[PDB]
Novice: 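One structure, pasted below without further comment.
Just so it is clear, the values below take in all heavy atoms, side chains as well, and ignore hydrogens, waters and symmetry mates. Both counts, for ligands and for their atoms, begin at 1 and track the order of listing. One-based numbering along the sequence shown.
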Amino acid sequence: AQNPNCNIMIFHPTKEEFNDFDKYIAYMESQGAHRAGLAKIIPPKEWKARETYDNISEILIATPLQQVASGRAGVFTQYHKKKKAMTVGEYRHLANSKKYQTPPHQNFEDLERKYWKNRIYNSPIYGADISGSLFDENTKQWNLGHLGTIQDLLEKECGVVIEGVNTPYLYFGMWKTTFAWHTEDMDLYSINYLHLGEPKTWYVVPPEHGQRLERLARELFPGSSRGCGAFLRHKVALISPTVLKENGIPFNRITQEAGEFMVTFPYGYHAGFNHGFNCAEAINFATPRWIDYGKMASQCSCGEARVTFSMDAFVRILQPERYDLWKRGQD
Ligand SMILES: O=C(O)CNC(=O)C(=O)O
Ligand SMILES: [Mg+2]
Ligand code: NI
Ligand SMILES: [Zn+2]
């Protein structure tokens with residue numbers, strides 16, 4: 001069995017190996033990459049996502065989200081308070097202001113210590129979940145707006161044609177902006193490209209151990225757990241590496257830098273934080289190996305998780321028994 005300790009693997013494809021996206025995912029899996037839940041892919045030196053980032057300031061962040069924490073430093077939830085619209089140029093200036101800017105630090109490990117010590121005492125503002133793309137149309141390799149769609153994959157594997165679309169999303173971050181512990185909708189893959197700016201630190205639980213994280217979360221967030229049998233779908237709970245180690249939960253960590261891709265694998269729980277002003281692009285995707293995970297994915301039916309139009313068909317076809325309850329949660 002490849003990668004039996006579930007370490008995060010880093011790949012360096014050549015320009016030739018970067019042509020065929022599906023083939024390279026399947027290659028990484030042949031080497032055991034999925035066992036970690038997360039892999040890093042460093043593009044060949046010949047590749048670029050676009051020519052420059054000099055002309056992005058007029059993109060609008062219609063609903064910036066202020067991430068307000070409650071709890072203790074290593075075990076907290078966050079809620080998202082909506083703020084007035086602002087442009088990317090306005091948000092960048094805000095991120096760089098004395099109130100929000102990255103503090104002085106020695107290295108990534110010092111900054112990580114400062115994040116976990118101090119995150120809860122601040123409320124950073126995240127420009128998340130913005131439909132759009134920064135890949136040039138002429139970039140043919142690993143262009144996250146030109147991937148095979150999940151609806152086409154389901155149709156190729158199972159024969160059923162379904163409605164829905166699959167487009168990318170932009171994330172504009174600042175110091176301390178936070179992504180809570182989650183797996184993807186329907187336990188899909190994700191791919192994330194860090195276009196510019198400061199790093200993103202990731203934490204991940206191997207898919208084979210995901211239920212250990214879920215059991216810890218029910219213990220640490222007992223009110224939330226009574227409210228919903230899949231409350232990590234709400235994407236609000238944070239647990240620090242120190243607390244995970246104290247409770248024996250297997251996990252790994254890695255820092256993504258500008259110009260690098262990260263892939264999350266089906267049922268790989270992940271969480272993390274941004275180091276300073278940055279912009280990432282991400283999208284969900286599927287492969288044949290996903291289908292079995294989609295059929296078994298938990299679902300939130302309490303009303304909180306509310307998701308895209310395109311998840312309807314995935315529930316309806318892969319999980320018909322659960323469909324009626326889940327759709328009630330959507331309505
Ligand atoms: O970058 C973020 O805020 C969160 N991204 C992801 O969870 C992802 O790409 O799967
Ligand atoms: Mg612009
Ligand atoms: Ni994710
Ligand atoms: Zn719920």
Novice: Considering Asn284, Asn192, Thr183, which one's heavy-atom position lies nearest to atom 9 (O) of ligand 1?
Specialist: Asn192
Novice: Would you call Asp187-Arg233 a salt bridge at under 4.0 Å N-O?
Specialist: yes
Novice: Among the N, O or S atoms of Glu184, which one sits nearest to the Ni ion (ligand 3)?
Specialist: OE2
Novice: Need the ligand 1 atom indices (1-based, order shown) with element for anything under 4.0 Å from a heavy-atom of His182.
Specialist: 7 (O)
Novice: Using the six-membered ring wherever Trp is involved, compare the ring planes of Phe18 and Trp47 and label them parallel, tilted or perpendicular (cut-offs 30° and 60°).
Specialist: perpendicular
Novice: Would you say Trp202 has any N or O atom under 3.5 Å from an N or O of ligand 1, going by distance alone?
Specialist: no
Novice: Just need the protein heavy atom nearest to atom 1 (O) of ligand 1, so name the residue and atom and give the distance.
Specialist: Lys200 NZ, 2.9 Å
Novice: Between the side chains of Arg253 and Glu112, is the shortest nitrogen-to-carboxylate-oxygen separation below 4.0 Å, so that they form an ion pair?
Specialist: yes
Novice: Side chains of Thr264 and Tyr189: any donor to acceptor distance under 3.5 Å?
Specialist: no
Novice: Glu29 and side chain to side chain donor-acceptor pair (under 3.5 Å): which partner among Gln2, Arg289, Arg35?
Specialist: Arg289
Novice: Is there any N or O on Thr264 that sits under 3.5 Å from an N or O of ligand 1?
Specialist: no
Novice: For residues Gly197 and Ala258, report the shortest heavy-atom separation together with the two atoms involved.
Specialist: O-CB, 3.8 Å
Novice: With heavy-atom distances below 4.0 Å as the criterion, list the atoms of ligand 1 near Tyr126.
Specialist: 1 (O), 2 (C), 3 (O)
Novice: Examine the proximity of ligand 1 to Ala282 and report which part, side chain or backbone, both or neither, has a heavy atom under 4.0 Å away.
Specialist: side chain
Novice: May I have the angle between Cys302 SG and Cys300 SG with its vertex at the Zn ion (ligand 4), rounded to 10°?
Specialist: 110°
Novice: Quickly, which of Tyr171, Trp142, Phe135 forms a ring-ring contact (aromatic ring centres under 6.0 Å, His included) with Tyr193? Name it, please.
Specialist: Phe135
Novice: Assess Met262 for proximity to ligand 1: is some non-hydrogen atom of it under 4.0 Å away?
Specialist: no
Novice: What part of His270, side chain from CB on, backbone N/CA/C/O, both or neither, has a heavy atom under 4.0 Å from ligand 1?
Specialist: side chain
Novice: By the definition side chain to side chain donor-acceptor pair (under 3.5 Å), identify the one residue from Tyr126, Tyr115, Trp175 that meets it with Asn274.
Specialist: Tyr126
Novice: Suppose I only count heavy atoms of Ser190 and a 4.0 Å limit; which atoms of ligand 1 are within that range?
Specialist: 8 (C), 9 (O), 10 (O)
Novice: Would you mind checking if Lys156 and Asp152 are paired as a salt bridge, meaning a charged N to carboxylate O distance below 4.0 Å?
Specialist: no
Novice: Of all the N, O or S atoms in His182, which one sits nearest to the Ni ion (ligand 3)?
Specialist: NE2
